[PDB]
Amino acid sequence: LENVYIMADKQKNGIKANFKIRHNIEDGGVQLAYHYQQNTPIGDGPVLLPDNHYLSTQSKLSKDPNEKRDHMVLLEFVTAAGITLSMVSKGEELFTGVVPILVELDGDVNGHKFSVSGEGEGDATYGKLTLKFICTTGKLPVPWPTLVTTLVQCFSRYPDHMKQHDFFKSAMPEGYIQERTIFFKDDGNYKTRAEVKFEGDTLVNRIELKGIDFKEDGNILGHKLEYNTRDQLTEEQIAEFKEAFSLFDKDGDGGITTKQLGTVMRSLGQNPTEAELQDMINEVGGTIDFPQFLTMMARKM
């Protein structure tokens, strides 16, 4: 669970953000990566600038065992948080259902050119992303976990009382421009610029990344970082919670009320004491998200 902290940028009519990514190093350790991010509308119409809040993000990286190319299967779930106790941009309509995503990245790290390409789907009301990524130029010269952040936060899931702080969807369909610098401790740094906008019926994220100053035998060019985490539920486990969870999602809004938790729990065969229910609620916590629910669950195994 990585946390993206977000602020408005009133002069630039957008937002910016900062966060830290713990990458597990091969046989012990954690390489850090420091993100600084700035987003600006592509279009002229007005956009929600938010209050200080943050996004709570869950990643899951797998491999397709029929793909002989170098690739990443990626599952992801995000929820806005912080702000306690709204509005709905006109753009938040485009996101109500299931929207297909396409991604395209060009990069030179340390003179090593390469191109990722990725397709999938987003389901904003669940905060869900599934996407598969191919490195179209050959062998990816940097580790895939290093490209996850670079590789669409408009698919985040803002609680009802926070729908008004969602800059990302408000900017749509015109889109926004995302720029980051990522600083790998005791090693080089990525520098990126992406346009994220609607093209036809598809959220399209075109990125150009530039990495300099990398130690050739470091952790990135050296490929010394873990791919999985295995601190993690499975695909077929998540799919069940999704299917149970959404059964009891009576409006399909992506939420379940809290009383409801136990019913959902029982439909999985599990049986929580009302002592056990009141805990889960408060640690994460009337409305519950799927990502939240997912984290609630995550703990208890």
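Each residue number is its position in the shown sequence, starting from 1.
Would you mind checking whether any residues of the deposited sequence sit unmodelled between residue 151 and residue 152, and how many (none, 1 to 3, 4 to 9, 10 or more)?
Gap size class: 1 to 3 residues without coordinates, per the record.
With residue 285 and residue 286 adjacent in the shown sequence, let me know how many deposited residues between them lack coordinates: none, 1 to 3, 4 to 9, or 10 or more.
Missing residues, residue 285 to residue 286: 4 to 9.
Where do the C-alpha atoms have the higher mean temperature factor in this entry, in 88-96 or in 140-148?
It is 88-96.
Taking the recorded C-alpha temperature factors, which stretch has the higher mean, 48-56 or 235-243?
The recorded data point to 235-243.
For the C-alpha B-factor as written in the entry, point me to the maximum among 66, 257, 62, 39.
Comparing C-alpha B-factors across 66, 257, 62, 39, the top value belongs to 257.
Taking the Cα B-factors listed in the entry, which of 196, 225, 109, 116 comes out highest?
Among 196, 225, 109, 116, the PDB entry lists the largest C-alpha B-factor for 225.
Per the entry's values, where does residue 162 land by CA temperature factor relative to the rest of its chain, in the lowest, middle or highest third?
CA B-factor rank for residue 162: middle third.
Split into thirds by Cα B-factor across the chain's modelled residues, where does residue 178 land: lowest, middle or highest?
For residue 178, the deposited C-alpha B-factor lands in the lowest third.
So where's residue 79 on the chain's Cα temperature factor ranking, which third?
Its C-alpha B-factor belongs to the middle third of this chain's values.
Among the modelled residues of its chain, does the C-alpha B-factor of residue 169 lie in the lowest, middle or highest third?
Ranked within chain, residue 169 CA B lands in the lowest tercile.
Sorting by Cα B-factor within the chain, modelled residues only, which third would residue 210 end up in: lowest, middle or highest?
Within its chain, residue 210 is a middle-third residue by C-alpha B-factor, going by the deposited values.
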